[PDB]
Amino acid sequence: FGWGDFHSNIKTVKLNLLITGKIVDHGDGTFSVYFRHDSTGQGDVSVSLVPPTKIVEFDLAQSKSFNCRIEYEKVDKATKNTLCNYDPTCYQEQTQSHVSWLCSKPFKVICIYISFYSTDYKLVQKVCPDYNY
């Protein structure tokens, strides 16, 4: 595949995001991509597999050509709600996700797409580790 053990950290004082990705070749013409991510703070995060043609852009929104699809996803979110004491609502969110992608092997140029929307900054990034292949 030309790469493995993907990791990414996106950090502001309002939100910290930690991602890992792992590839498992099943030896049957398919392979899995597993993502785990954990975030603490305020904001929305997402990680996904996308084709190289995916345009990097900000987006308020949350098959046949692309041969990777989610087969399993598990998300656990814990929210502590308290009164802001700079002004008596402040909250802290702890999120832990696990997603299993299943890809069909006749194609392999795949990219990782990460979005990060906090209360101070927002960021989208596309990583194509073997693009030049």
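A residue's number is simply how far along the shown sequence it sits, counting from 1.
In this entry, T82 and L83 are joined directly, with no residue of the deposited sequence lacking coordinates between them. The deposited sequence places 1 to 3 unmodelled residues between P88 and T89. In this entry, 74-82 shows the higher mean Cα temperature factor of the pair 49-57 and 74-82. Per-stretch averaging of Cα B factors for 18-26 and 106-114 places 106-114 on top.
Of all the options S32, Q62, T40, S97, the entry's greatest CA B-factor is assigned to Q62.
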